Structure formats: C-alpha cells, structure tokens
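Peer 1: Mind having a look at this structure? Questions to follow.
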Amino acid sequence: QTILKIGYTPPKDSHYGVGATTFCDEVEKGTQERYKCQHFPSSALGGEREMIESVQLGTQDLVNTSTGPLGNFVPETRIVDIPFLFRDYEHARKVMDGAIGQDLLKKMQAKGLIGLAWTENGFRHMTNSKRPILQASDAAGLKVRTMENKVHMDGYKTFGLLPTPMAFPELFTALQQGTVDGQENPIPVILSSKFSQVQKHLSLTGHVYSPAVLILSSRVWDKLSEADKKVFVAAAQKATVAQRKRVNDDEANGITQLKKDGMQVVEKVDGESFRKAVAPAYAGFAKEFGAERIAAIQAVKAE
Ligand SMILES: O=C(O)[C@H](O)[C@H](O)CO
C-alpha cells in the first residue's frame, strides 16, 4: 500500500483520533489496500497552520483540522467562526452537512485543499486561571490564547479579552507559565489535552462552533482513480458520524470528570451579555462574508 500520513493535534484517544481511525480504516478496506494511513497525533507533524500548509504543498498527505487557521488559506471558511452564529449542535451539523457546508468544501478544493467531509471539534468554552466567568464583563482584562484566526481575535476582543494567537502545541506551556490567563476549546479538547492540570476555571460559554475537516492533498487526490475518489469521500463521511458521536460522549461525561479533576465549572453563564457584546462586530463580519450568507446559515433548522 501507499502510506498516507494523517496528522492532528489531539492525542489518538480523542474525537479527532476516532475520526481519523474511522476514515483510515474505511479507506484501507474500500481501496483494497492500495492506501493505508500512518497516524501522527499530538502535533507530531506540527500544529494545524503548519499542517494545512504542508497539505496544500503536498508534503503532508492528510490532516483532521479545525477551521481555526484554515481561513488563512481559504478565507470564506471563516464565516463559520463567527461568535454565536450557531444555536446548537443540530443547527451547526445541518449547516455543515447541507449546501452551505458543501460549498465551503468546494472553495477549499479550488485552493488545493481537498476537503473530503466536515467532521467536528465542537462548541468552544472559556477556561482561565484567575476567576470565574459568569458574564462578558468578567472576561474583560484576561489574556486569552486564541487560534490563528482573525475572526476569533476580532470577535473575542468585543468581550474585553486580550487575545494572543498561538499554535496549539505551544498552548499547554503558555497556560502553565502564566503567559496567558486562559484559552478556549471544546470539551473534547479540554479532556484529551489535560488542561485541567493548568486551568482552574471553566465556563460553558459555547461562544463559537468549531467544525473540523478531513483534508487530503491535491497531490494525492489527483493520483486517485475516480472510484477511489468516491471511497475517500464516503470514508470521510463515515468518520463524521463516529467523530460527532465521540464529541457527544465527551460532553455527556466530561463535565463530571473535569470537576473531579478540580476544575470549578460555571454551567450557566449570562449568554445575553456575550451576544450583546459581539453584535457590533457583525458590521465587519457582514462586510466580509455577506449579510445574506450569515442569514442563510441562521435560517437553517430555525423554528
Ligand atoms: O485550539 C485549537 O488549536 C484547536 O481547537 C485544536 O487544535 C483542535 O482542532
């Protein structure tokens, strides 16, 4: 078999690992051993920005990545990074799976990033080591690491937070040394990366939805038979299901485990305060993405 390197930032025992393994197993069977994965979890091939760059260049075969730094390569994808755009998992998943999400995959493909299917990272939540976050004003003044994403940076600034973009593999040490007070990630990431060791506080702010996506290099895609192309896509859609299931499991059980680990969890925040804070940034978001595209997303699964 041709060995395809698949990288991701979480450990193998994670939502992304579940997605990668499901995808890889289906590709290996579906292509009758023409292709087989070798996994590189825990940023062995670098963080997400570096990995996507390598996939676009062809020097890395596959990545399971959040949209965080993806917008650097395909700016249209940042529409899904807008804070409080999505209402819940049903809403977000339907958008990603429907025509809107499918169009974003094609926009990626035009830039040499063969997005096979949207998987999932999850709704992101704020952690810090200084104080509980009950309302937007409690976040003001905190230094918080963000992903390498201008929409997150601009959006989160409206909460009064002071953002610093950092690649994921540098995050644990940054939190440990106090370079920043906090960060934000889905429960699946907080669990699998043991941030409980260096963050005392968690608030279920659910401030953005973080999709993930299995991306193949155009170098490899263009060498595939038309039949194998179909196998890769089908395999990635099976991965979507397994990965979301693991997200679901992580959330149902994760809060209890994080509490046992010593985290102080705020389960009900003043969501209105955060939504009101970010509203002014929608001027910029609409100018960039189109108010009608924002509205099209909001309309999906709405009452
Ligand atoms: O915080 C981040 O960088 C991401 O959530 C992580 O790499 C998983 O995609």
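Ordered as shown in the structure tokens, chains take letters A, B, and onward, while each chain numbers its residues from 1 and ligands are numbered from 1 in the order shown.
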Assign secondary structure with DSSP using the backbone only, and return the residues of range 22-112 of chain A in strand (DSSP E or B) as a list in words.

Peer 2: residues 35, 36, 37, 38, 39, 40, 62, 63, 64, 65 and 66 of chain A

Peer 1: Residues of the last selection are to be written out with N, CA and C atoms, as a PDB file, in the first residue's frame.

Peer 2:
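Writing the result to part27.pdb gives the following:
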ATOM      1  N   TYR A  35      -4.210   1.952  -0.347  1.00  0.00           N
ATOM      2  CA  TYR A  35      -3.841   3.041   0.560  1.00  0.00           C
ATOM      3  C   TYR A  35      -4.028   2.625   2.021  1.00  0.00           C
ATOM      4  N   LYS A  36      -3.146   3.116   2.881  1.00  0.00           N
ATOM      5  CA  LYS A  36      -3.193   2.825   4.310  1.00  0.00           C
ATOM      6  C   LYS A  36      -2.634   4.038   5.044  1.00  0.00           C
ATOM      7  N   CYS A  37      -3.226   4.381   6.186  1.00  0.00           N
ATOM      8  CA  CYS A  37      -2.762   5.522   6.962  1.00  0.00           C
ATOM      9  C   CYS A  37      -1.622   5.184   7.912  1.00  0.00           C
ATOM     10  N   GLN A  38      -0.754   6.167   8.137  1.00  0.00           N
ATOM     11  CA  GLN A  38       0.088   6.194   9.324  1.00  0.00           C
ATOM     12  C   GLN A  38      -0.277   7.454  10.112  1.00  0.00           C
ATOM     13  N   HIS A  39      -0.682   7.287  11.366  1.00  0.00           N
ATOM     14  CA  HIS A  39      -1.195   8.414  12.174  1.00  0.00           C
ATOM     15  C   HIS A  39      -0.060   9.203  12.842  1.00  0.00           C
ATOM     16  N   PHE A  40      -0.209  10.524  12.880  1.00  0.00           N
ATOM     17  CA  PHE A  40       0.719  11.410  13.572  1.00  0.00           C
ATOM     18  C   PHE A  40      -0.090  12.312  14.480  1.00  0.00           C
ATOM     19  N   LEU A  62      -2.551  14.009   4.664  1.00  0.00           N
ATOM     20  CA  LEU A  62      -3.862  14.218   5.265  1.00  0.00           C
ATOM     21  C   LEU A  62      -3.773  14.979   6.560  1.00  0.00           C
ATOM     22  N   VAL A  63      -4.835  15.733   6.871  1.00  0.00           N
ATOM     23  CA  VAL A  63      -4.995  16.325   8.197  1.00  0.00           C
ATOM     24  C   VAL A  63      -6.469  16.259   8.631  1.00  0.00           C
ATOM     25  N   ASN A  64      -6.717  16.085   9.928  1.00  0.00           N
ATOM     26  CA  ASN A  64      -8.043  16.323  10.532  1.00  0.00           C
ATOM     27  C   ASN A  64      -7.823  17.587  11.342  1.00  0.00           C
ATOM     28  N   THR A  65      -8.382  18.705  10.878  1.00  0.00           N
ATOM     29  CA  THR A  65      -8.078  20.009  11.471  1.00  0.00           C
ATOM     30  C   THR A  65      -9.362  20.787  11.741  1.00  0.00           C
ATOM     31  N   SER A  66      -9.346  21.607  12.795  1.00  0.00           N
ATOM     32  CA  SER A  66     -10.402  22.607  12.996  1.00  0.00           C
ATOM     33  C   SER A  66     -10.296  23.661  11.901  1.00  0.00           C
TER      34      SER A  66
END

Peer 1: Can you check which parts of range 91-171 of chain A lie within 12 Å of range 4-8 of chain A? Per residue, the shortest pair of atoms and distance in Å to one decimal, counting only C-alpha atoms, sorted by chain and number, as CSV.

Peer 2:
residue,atom,partner,partner_atom,distance
A:121,CA,A:8,CA,11.6
A:168,CA,A:8,CA,10.3
A:169,CA,A:8,CA,10.6

Peer 1: Go ahead and write the residues just picked, C-alpha atoms, as an mmCIF file, in the first residue's frame.

Peer 2:
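And here's again.cif as it stands now:
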data_model
loop_
_atom_site.group_PDB
_atom_site.id
_atom_site.type_symbol
_atom_site.label_atom_id
_atom_site.label_comp_id
_atom_site.auth_asym_id
_atom_site.auth_seq_id
_atom_site.Cartn_x
_atom_site.Cartn_y
_atom_site.Cartn_z
ATOM 1 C CA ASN A 121 -14.375 19.787 17.025
ATOM 2 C CA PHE A 168 -1.968 24.531 19.694
ATOM 3 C CA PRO A 169 1.209 22.672 20.625
#

Peer 1: Hey, which residues sit close to ligand 1? Say within 8 Å, counting only C-alpha atoms and all ligand atoms, and write them as an MDAnalysis selection string.

Peer 2: chainID A and resid 8:10 16 47:48 64:68 121 124 146:148 166:169 184:186 189 210 212

Peer 1: Go through A:79, A:277, A:233, A:294 and flag the residue nearest residue 209 in chain A, using only C-alpha atoms for the distances.

Peer 2: A:79

Peer 1: Could you tell me which of A:12, A:157, A:230, A:111 comes closest to residue 72 in chain A if we count only C-alpha atoms?

Peer 2: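 Smallest distance to residue 72 in chain A is found for A:111.
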
Peer 1: Point out the residue among A:265, A:258, A:208, A:55 with the least atom-to-atom distance to residue 88 in chain A, counting only C-alpha atoms.

Peer 2: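 Of A:265, A:258, A:208, A:55, the one nearest residue 88 in chain A is A:208, counting only C-alpha atoms.
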
Peer 1: Nearest residue to residue 49 in chain A out of A:85, A:70, A:279, A:175, using only C-alpha atoms?

Peer 2: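 Of A:85, A:70, A:279, A:175, the one nearest residue 49 in chain A is A:70, counting only C-alpha atoms.
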
Peer 1: Find the residues near residue 248 in chain A: any atom within 10 Å, counting only C-alpha atoms, skip ones fewer than 5 places away on the same chain, and give them as a compact mmCIF listing (two decimals) with C-alpha atoms, in the first residue's frame.

Peer 2:
# COMPACT_ATOMS: atom_id res chain seq x y z
CA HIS A 15 -12.62 12.76 18.92
CA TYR A 89 -25.34 21.03 17.58
CA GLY A 122 -17.35 21.16 18.95
CA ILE A 187 -14.80 19.79 26.00
CA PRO A 188 -13.29 17.01 23.78
CA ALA A 242 -18.03 8.48 14.55
CA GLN A 243 -16.30 11.75 15.42
CA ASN A 253 -19.42 12.66 30.75
CA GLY A 254 -16.68 15.29 30.57

Peer 1: Could you name the residues that touch residue 2 in chain A at 12 Å or less, counting only C-alpha atoms, but leaving out those on the same chain fewer than 6 positions away, as an NGL selection string?

Peer 2: :A and (27-28 or 31-38 or 61 or 220 or 223-224)

Peer 1: Would you save the residues of that selection, restricted to N, CA, C and O atoms, as an mmCIF file, in the first residue's frame?

Peer 2:
data_model
loop_
_atom_site.group_PDB
_atom_site.id
_atom_site.type_symbol
_atom_site.label_atom_id
_atom_site.label_comp_id
_atom_site.auth_asym_id
_atom_site.auth_seq_id
_atom_site.Cartn_x
_atom_site.Cartn_y
_atom_site.Cartn_z
ATOM 1 N N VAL A 27 -10.908 3.658 4.245
ATOM 2 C CA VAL A 27 -10.130 3.860 3.028
ATOM 3 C C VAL A 27 -9.340 2.599 2.680
ATOM 4 O O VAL A 27 -9.287 2.171 1.519
ATOM 5 N N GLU A 28 -8.751 1.997 3.704
ATOM 6 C CA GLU A 28 -7.934 0.798 3.531
ATOM 7 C C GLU A 28 -8.778 -0.345 2.998
ATOM 8 O O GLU A 28 -8.354 -1.053 2.085
ATOM 9 N N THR A 31 -10.318 0.682 -0.640
ATOM 10 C CA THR A 31 -9.356 0.707 -1.727
ATOM 11 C C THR A 31 -8.553 -0.582 -1.811
ATOM 12 O O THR A 31 -7.509 -0.599 -2.455
ATOM 13 N N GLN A 32 -9.029 -1.654 -1.173
ATOM 14 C CA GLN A 32 -8.356 -2.939 -1.254
ATOM 15 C C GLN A 32 -6.842 -2.866 -1.001
ATOM 16 O O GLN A 32 -6.043 -3.485 -1.721
ATOM 17 N N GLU A 33 -6.476 -2.124 0.041
ATOM 18 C CA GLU A 33 -5.096 -1.984 0.495
ATOM 19 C C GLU A 33 -4.193 -1.205 -0.456
ATOM 20 O O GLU A 33 -2.969 -1.257 -0.322
ATOM 21 N N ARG A 34 -4.777 -0.470 -1.396
ATOM 22 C CA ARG A 34 -3.968 0.434 -2.220
ATOM 23 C C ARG A 34 -3.424 1.559 -1.349
ATOM 24 O O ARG A 34 -2.307 2.069 -1.575
ATOM 25 N N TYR A 35 -4.210 1.952 -0.347
ATOM 26 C CA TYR A 35 -3.841 3.041 0.560
ATOM 27 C C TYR A 35 -4.028 2.625 2.021
ATOM 28 O O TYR A 35 -4.943 1.879 2.359
ATOM 29 N N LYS A 36 -3.146 3.116 2.881
ATOM 30 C CA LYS A 36 -3.193 2.825 4.310
ATOM 31 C C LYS A 36 -2.634 4.038 5.044
ATOM 32 O O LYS A 36 -1.673 4.655 4.584
ATOM 33 N N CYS A 37 -3.226 4.381 6.186
ATOM 34 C CA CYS A 37 -2.762 5.522 6.962
ATOM 35 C C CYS A 37 -1.622 5.184 7.912
ATOM 36 O O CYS A 37 -1.556 4.089 8.458
ATOM 37 N N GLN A 38 -0.754 6.167 8.137
ATOM 38 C CA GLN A 38 0.088 6.194 9.324
ATOM 39 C C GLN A 38 -0.277 7.454 10.112
ATOM 40 O O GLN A 38 -0.214 8.551 9.571
ATOM 41 N N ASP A 61 0.159 14.306 3.559
ATOM 42 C CA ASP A 61 -0.979 13.729 2.830
ATOM 43 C C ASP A 61 -2.363 14.121 3.355
ATOM 44 O O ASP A 61 -3.264 14.479 2.576
ATOM 45 N N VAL A 220 -2.147 13.905 -3.884
ATOM 46 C CA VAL A 220 -2.638 12.534 -3.777
ATOM 47 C C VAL A 220 -3.981 12.342 -4.457
ATOM 48 O O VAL A 220 -4.180 11.366 -5.173
ATOM 49 N N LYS A 223 -3.900 11.670 -8.120
ATOM 50 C CA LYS A 223 -3.384 10.358 -8.486
ATOM 51 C C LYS A 223 -4.420 9.226 -8.307
ATOM 52 O O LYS A 223 -4.196 8.094 -8.746
ATOM 53 N N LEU A 224 -5.548 9.528 -7.678
ATOM 54 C CA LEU A 224 -6.579 8.517 -7.418
ATOM 55 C C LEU A 224 -7.428 8.201 -8.642
ATOM 56 O O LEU A 224 -7.714 9.081 -9.471
#

Peer 1: Using only C-alpha atoms, which residues sit within 12 Å of residue 285 in chain A once same-chain residues fewer than 6 positions away are excluded, as number ranges by chain?

Peer 2: A: 75-76, 78-83, 85, 150-152, 154-155, 278-279, 291-295

Peer 1: Could you give me, as number ranges by chain, each residue of range 3-160 of chain A that DSSP assigns to alpha helix (DSSP H) when run on this structure's backbone?

Peer 2: A: 15-30, 48-57, 89-97, 99-109, 136-139, 150-157

Peer 1: If you count only C-alpha atoms, which residues fall within 9 Å of range 273-275 of chain A, apart from same-chain ones fewer than 3 positions away, as a list in words?

Peer 2: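 Near neighbours after the sequence-gap exclusion: residues 83, 84, 135, 136, 137, 158, 159, 205, 207, 269, 270, 278 and 279 of chain A.
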
Peer 1: Grab the residues selected above and save them as a PDB file, in the first residue's frame with N, CA, C and O atoms.

Peer 2:
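out21.pdb was written with the following content:
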ATOM      1  N   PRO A  83     -18.718  34.369  16.293  1.00  0.00           N
ATOM      2  CA  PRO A  83     -19.322  34.008  17.581  1.00  0.00           C
ATOM      3  C   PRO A  83     -20.843  34.095  17.602  1.00  0.00           C
ATOM      4  O   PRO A  83     -21.433  35.042  17.055  1.00  0.00           O
ATOM      5  N   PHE A  84     -21.460  33.080  18.207  1.00  0.00           N
ATOM      6  CA  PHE A  84     -22.912  32.986  18.401  1.00  0.00           C
ATOM      7  C   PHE A  84     -23.751  32.914  17.116  1.00  0.00           C
ATOM      8  O   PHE A  84     -24.956  33.206  17.120  1.00  0.00           O
ATOM      9  N   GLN A 135     -20.325  36.351  33.225  1.00  0.00           N
ATOM     10  CA  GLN A 135     -20.860  37.288  32.247  1.00  0.00           C
ATOM     11  C   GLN A 135     -19.700  37.885  31.451  1.00  0.00           C
ATOM     12  O   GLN A 135     -18.539  37.748  31.847  1.00  0.00           O
ATOM     13  N   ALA A 136     -20.010  38.556  30.343  1.00  0.00           N
ATOM     14  CA  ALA A 136     -18.975  39.062  29.444  1.00  0.00           C
ATOM     15  C   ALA A 136     -17.987  39.946  30.195  1.00  0.00           C
ATOM     16  O   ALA A 136     -16.789  39.873  29.970  1.00  0.00           O
ATOM     17  N   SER A 137     -18.488  40.776  31.107  1.00  0.00           N
ATOM     18  CA  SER A 137     -17.614  41.718  31.790  1.00  0.00           C
ATOM     19  C   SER A 137     -16.556  41.014  32.662  1.00  0.00           C
ATOM     20  O   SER A 137     -15.523  41.601  32.976  1.00  0.00           O
ATOM     21  N   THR A 158     -14.304  41.934  21.553  1.00  0.00           N
ATOM     22  CA  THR A 158     -15.507  42.660  21.991  1.00  0.00           C
ATOM     23  C   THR A 158     -15.913  42.273  23.417  1.00  0.00           C
ATOM     24  O   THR A 158     -16.664  43.011  24.052  1.00  0.00           O
ATOM     25  N   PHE A 159     -15.433  41.126  23.910  1.00  0.00           N
ATOM     26  CA  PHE A 159     -15.702  40.693  25.290  1.00  0.00           C
ATOM     27  C   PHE A 159     -14.754  41.383  26.276  1.00  0.00           C
ATOM     28  O   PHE A 159     -14.895  41.225  27.485  1.00  0.00           O
ATOM     29  N   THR A 205     -19.541  28.830  27.992  1.00  0.00           N
ATOM     30  CA  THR A 205     -19.928  29.957  27.171  1.00  0.00           C
ATOM     31  C   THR A 205     -20.447  29.564  25.780  1.00  0.00           C
ATOM     32  O   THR A 205     -21.285  30.261  25.196  1.00  0.00           O
ATOM     33  N   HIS A 207     -19.329  29.848  22.869  1.00  0.00           N
ATOM     34  CA  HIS A 207     -19.291  31.109  22.124  1.00  0.00           C
ATOM     35  C   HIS A 207     -19.071  30.975  20.627  1.00  0.00           C
ATOM     36  O   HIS A 207     -19.430  31.882  19.872  1.00  0.00           O
ATOM     37  N   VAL A 269     -23.999  30.571  32.074  1.00  0.00           N
ATOM     38  CA  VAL A 269     -23.483  31.917  32.001  1.00  0.00           C
ATOM     39  C   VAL A 269     -24.579  32.844  31.496  1.00  0.00           C
ATOM     40  O   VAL A 269     -25.620  32.391  31.018  1.00  0.00           O
ATOM     41  N   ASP A 270     -24.332  34.142  31.624  1.00  0.00           N
ATOM     42  CA  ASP A 270     -25.210  35.182  31.083  1.00  0.00           C
ATOM     43  C   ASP A 270     -24.922  35.300  29.595  1.00  0.00           C
ATOM     44  O   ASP A 270     -24.079  36.102  29.158  1.00  0.00           O
ATOM     45  N   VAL A 278     -20.860  41.197  21.221  1.00  0.00           N
ATOM     46  CA  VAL A 278     -20.260  40.886  19.922  1.00  0.00           C
ATOM     47  C   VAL A 278     -21.036  41.512  18.778  1.00  0.00           C
ATOM     48  O   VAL A 278     -20.536  41.619  17.676  1.00  0.00           O
ATOM     49  N   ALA A 279     -22.261  41.960  19.049  1.00  0.00           N
ATOM     50  CA  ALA A 279     -23.112  42.482  17.993  1.00  0.00           C
ATOM     51  C   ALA A 279     -22.419  43.520  17.101  1.00  0.00           C
ATOM     52  O   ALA A 279     -22.547  43.465  15.882  1.00  0.00           O
TER      53      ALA A 279
END

Peer 1: Report, in Å to a single decimal, how far apart CA of residue 120 in chain A and CA of residue 213 in chain A are.

Peer 2: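 Straight-line distance from CA of residue 213 in chain A to CA of residue 120 in chain A works out to 7.0 Å.
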
Peer 1: Excluding residue 195 in chain A and residues on its chain fewer than 3 positions from it, collect all residues at most 12 Å away from it, counting only C-alpha atoms, and give them as a tab-separated table (two decimals) with C-alpha atoms, in the first residue's frame.

Peer 2:
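Everything below was put into result-v8.tsv:
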chain	number	residue	atom	x	y	z
A	126	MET	CA	-13.64	29.59	28.03
A	127	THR	CA	-11.15	28.43	30.65
A	128	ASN	CA	-8.86	30.53	32.81
A	129	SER	CA	-6.75	30.52	35.97
A	168	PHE	CA	-1.97	24.53	19.69
A	171	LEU	CA	-0.68	26.25	24.44
A	172	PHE	CA	-0.12	23.93	27.45
A	173	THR	CA	3.21	25.55	28.34
A	174	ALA	CA	1.76	29.04	27.82
A	175	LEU	CA	-1.02	28.23	30.30
A	176	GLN	CA	1.39	26.59	32.74
A	182	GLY	CA	-6.74	31.33	29.68
A	183	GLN	CA	-7.90	29.82	26.43
A	184	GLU	CA	-10.99	28.38	24.84
A	185	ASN	CA	-11.75	24.96	23.34
A	186	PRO	CA	-14.44	22.29	23.16
A	187	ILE	CA	-14.80	19.79	26.00
A	188	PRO	CA	-13.29	17.01	23.78
A	189	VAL	CA	-10.06	19.05	23.58
A	190	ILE	CA	-10.01	20.13	27.21
A	191	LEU	CA	-10.42	16.49	28.27
A	192	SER	CA	-7.93	14.95	25.86
A	198	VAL	CA	-3.18	24.16	34.39
A	199	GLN	CA	-6.69	25.76	34.32
A	200	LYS	CA	-8.82	26.14	37.45
A	201	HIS	CA	-11.91	27.63	35.81
A	202	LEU	CA	-14.29	26.56	33.06
A	258	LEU	CA	-13.28	17.79	34.93
A	261	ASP	CA	-10.02	16.84	38.43
A	262	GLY	CA	-10.58	20.04	40.42
A	263	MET	CA	-11.99	22.43	37.82
